[PDB]
Amino acid sequence: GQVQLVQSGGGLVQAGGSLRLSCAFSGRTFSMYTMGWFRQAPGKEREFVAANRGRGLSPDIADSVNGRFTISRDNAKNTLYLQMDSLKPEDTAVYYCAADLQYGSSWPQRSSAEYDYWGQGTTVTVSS
(Lines give C-alpha, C1' and ligand atoms only; values in the text may rest on other atoms or scores of the structure.)
Protein backbone atom coordinates (compact mmCIF):
# COMPACT_ATOMS: atom_id res chain seq x y z
CA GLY A 1 0.00 0.00 0.00
CA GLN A 2 0.86 3.57 -0.93
CA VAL A 3 -0.65 6.80 0.37
CA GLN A 4 -1.53 9.63 -2.00
CA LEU A 5 -2.87 13.00 -0.85
CA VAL A 6 -4.64 15.25 -3.37
CA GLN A 7 -5.42 18.83 -2.36
CA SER A 8 -8.19 21.02 -3.72
CA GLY A 9 -9.40 24.51 -2.96
CA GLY A 10 -7.48 27.73 -2.65
CA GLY A 11 -7.67 31.12 -4.29
CA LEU A 12 -7.46 34.87 -3.77
CA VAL A 13 -9.80 36.07 -1.09
CA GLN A 14 -10.44 39.26 0.82
CA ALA A 15 -9.65 39.71 4.45
CA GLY A 16 -12.46 38.62 6.76
CA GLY A 17 -13.58 35.99 4.26
CA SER A 18 -13.71 32.25 4.61
CA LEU A 19 -12.38 29.27 2.66
CA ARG A 20 -12.33 25.52 3.15
CA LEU A 21 -9.37 23.45 1.88
CA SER A 22 -9.70 19.67 1.06
CA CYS A 23 -7.13 16.94 1.23
CA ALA A 24 -8.25 13.64 -0.28
CA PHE A 25 -6.68 10.43 0.96
CA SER A 26 -6.03 7.46 -1.20
CA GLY A 27 -4.85 4.25 0.43
CA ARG A 28 -5.82 1.77 3.12
CA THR A 29 -7.04 2.53 6.64
CA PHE A 30 -7.41 6.30 6.75
CA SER A 31 -7.88 5.91 10.48
CA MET A 32 -4.30 4.81 11.16
CA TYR A 33 -2.91 8.18 10.05
CA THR A 34 -2.53 11.42 11.90
CA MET A 35 -3.52 14.06 9.36
CA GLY A 36 -2.14 17.56 9.54
CA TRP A 37 -1.96 20.89 7.83
CA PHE A 38 1.25 22.88 7.44
CA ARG A 39 1.78 26.25 5.81
CA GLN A 40 4.70 28.05 4.21
CA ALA A 41 4.55 31.78 3.69
CA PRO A 42 7.00 33.65 1.43
CA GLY A 43 10.48 33.68 2.97
CA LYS A 44 9.75 31.67 6.11
CA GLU A 45 9.89 28.01 7.15
CA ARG A 46 7.14 25.42 7.06
CA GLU A 47 4.82 26.05 10.01
CA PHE A 48 2.42 23.76 11.85
CA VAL A 49 -1.24 24.70 11.62
CA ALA A 50 -3.49 21.87 12.80
CA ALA A 51 -3.72 18.10 13.18
CA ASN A 52 -6.37 15.44 13.80
CA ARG A 53 -5.83 11.82 14.80
CA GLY A 54 -9.36 10.50 14.56
CA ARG A 55 -13.04 11.30 14.79
CA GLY A 56 -13.70 11.29 18.51
CA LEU A 57 -10.45 12.92 19.65
CA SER A 58 -9.64 16.59 20.17
CA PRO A 59 -7.57 18.29 17.45
CA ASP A 60 -4.24 20.02 17.95
CA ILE A 61 -4.46 23.63 16.69
CA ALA A 62 -1.63 26.15 16.41
CA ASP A 63 -1.89 29.24 18.63
CA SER A 64 -1.72 31.56 15.61
CA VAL A 65 -5.04 30.26 14.17
CA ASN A 66 -6.92 29.02 17.25
CA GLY A 67 -10.50 30.22 17.25
CA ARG A 68 -10.41 30.89 13.49
CA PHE A 69 -9.36 27.64 11.77
CA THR A 70 -11.00 24.27 12.33
CA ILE A 71 -9.95 20.83 11.14
CA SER A 72 -12.22 17.86 10.50
CA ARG A 73 -12.12 14.56 8.71
CA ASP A 74 -14.86 12.93 6.64
CA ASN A 75 -14.52 9.17 7.04
CA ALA A 76 -17.14 8.52 4.35
CA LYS A 77 -15.12 10.33 1.67
CA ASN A 78 -11.67 9.78 3.24
CA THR A 79 -11.16 13.53 3.17
CA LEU A 80 -9.45 16.01 5.49
CA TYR A 81 -10.75 19.60 5.65
CA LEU A 82 -9.36 22.86 6.94
CA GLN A 83 -12.03 25.51 7.47
CA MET A 84 -10.42 28.93 7.49
CA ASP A 85 -12.63 31.69 8.91
CA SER A 86 -11.90 35.37 9.60
CA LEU A 87 -9.00 35.31 7.16
CA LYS A 88 -6.17 37.83 7.68
CA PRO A 89 -3.44 38.96 5.26
CA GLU A 90 -1.00 37.17 7.52
CA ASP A 91 -2.67 33.89 6.55
CA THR A 92 -1.23 34.23 3.02
CA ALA A 93 0.83 31.08 2.38
CA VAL A 94 1.04 27.75 0.56
CA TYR A 95 -0.93 25.17 2.55
CA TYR A 96 0.13 21.49 2.62
CA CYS A 97 -1.66 18.52 4.09
CA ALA A 98 0.38 15.60 5.40
CA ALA A 99 -0.09 12.14 6.87
CA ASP A 100 1.74 10.46 9.74
CA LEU A 101 1.42 6.75 10.39
CA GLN A 102 0.45 6.62 14.05
CA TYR A 103 2.36 3.40 14.73
CA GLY A 104 5.88 4.32 15.76
CA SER A 105 5.01 8.02 16.02
CA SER A 106 3.50 10.17 18.76
CA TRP A 107 0.69 12.60 19.48
CA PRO A 108 0.65 15.57 19.34
CA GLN A 109 2.95 15.75 16.29
CA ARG A 110 3.99 19.22 15.15
CA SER A 111 7.36 18.34 13.59
CA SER A 112 7.07 18.30 9.81
CA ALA A 113 10.09 15.99 9.48
CA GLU A 114 8.06 13.33 11.26
CA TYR A 115 5.25 13.20 8.68
CA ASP A 116 5.49 10.58 5.94
CA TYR A 117 3.28 11.68 3.01
CA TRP A 118 2.57 15.14 1.65
CA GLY A 119 0.08 16.76 -0.67
CA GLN A 120 1.16 18.96 -3.55
CA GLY A 121 0.29 22.26 -1.84
CA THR A 122 -2.49 24.85 -2.24
CA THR A 123 -1.94 28.60 -2.69
CA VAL A 124 -4.08 30.86 -0.48
CA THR A 125 -3.76 34.65 -0.76
CA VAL A 126 -5.64 37.07 1.49
CA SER A 127 -5.98 40.64 0.23
CA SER A 128 -7.22 43.69 2.11
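Counting from 1, the numbers follow the sequence of the chain as shown.
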Excluding sequence neighbours, so at least two apart, what forms side chain to side chain contact (heavy atoms under 4.5 Å, CB included) with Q102? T34, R53
Under the side-chain contact (heavy atoms from CB on, under 4.5 Å) criterion, do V124 and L21 qualify, and how do the steps go? CA-CA 9 Å; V124 165; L21 302 185; 4.0 Å; yes
How would you list, by chain and number, every residue that makes a ring pair (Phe, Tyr, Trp, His ring centres under 6.0 Å) with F30, sequence neighbours excluded? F25
Pairs in or reaching into residues 42-70: which pass ring-ring contact (aromatic ring centres under 6.0 Å, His included), with residues at least two apart or in two chains? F38-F48
Among residues at least two apart in sequence or on other chains, which ones pass side chain to side chain contact (heavy atoms under 4.5 Å, CB included) with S18? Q83, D85
Any disulfide bond (SG atoms under 2.5 Å apart) pairs touching residues 33-90, not counting sequence neighbours? none
Contacts of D60 meeting salt bridge (charged side-chain N to carboxylate O under 4.0 Å, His left out) (sequence neighbours excluded), chain-then-number -> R110
Checking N52 now: which residues fulfil side chain to side chain donor-acceptor pair (under 3.5 Å) with it, not counting sequence neighbours? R73
In short, disulfide bond (SG atoms under 2.5 Å apart) pairs touching residues 22-56 with sequence neighbours left out are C23-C97
Tell me every residue that passes side chain to side chain contact (heavy atoms under 4.5 Å, CB included) with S26, counting only those two or more places apart in sequence or in another chain. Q4
Taking side chain to side chain contact (heavy atoms under 4.5 Å, CB included) as the test, write out the residues that go with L101, two or more places apart. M32, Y33, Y103, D116
More than 12 heavy atoms from other groups under 6.0 Å of CG on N66: yes
Salt bridge (charged side-chain N to carboxylate O under 4.0 Å, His left out) partners for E47, two or more places apart: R39
Residue pairs meeting side chain to side chain donor-acceptor pair (under 3.5 Å), one or both in residues 118-128, sequence neighbours left out, come to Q7-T122
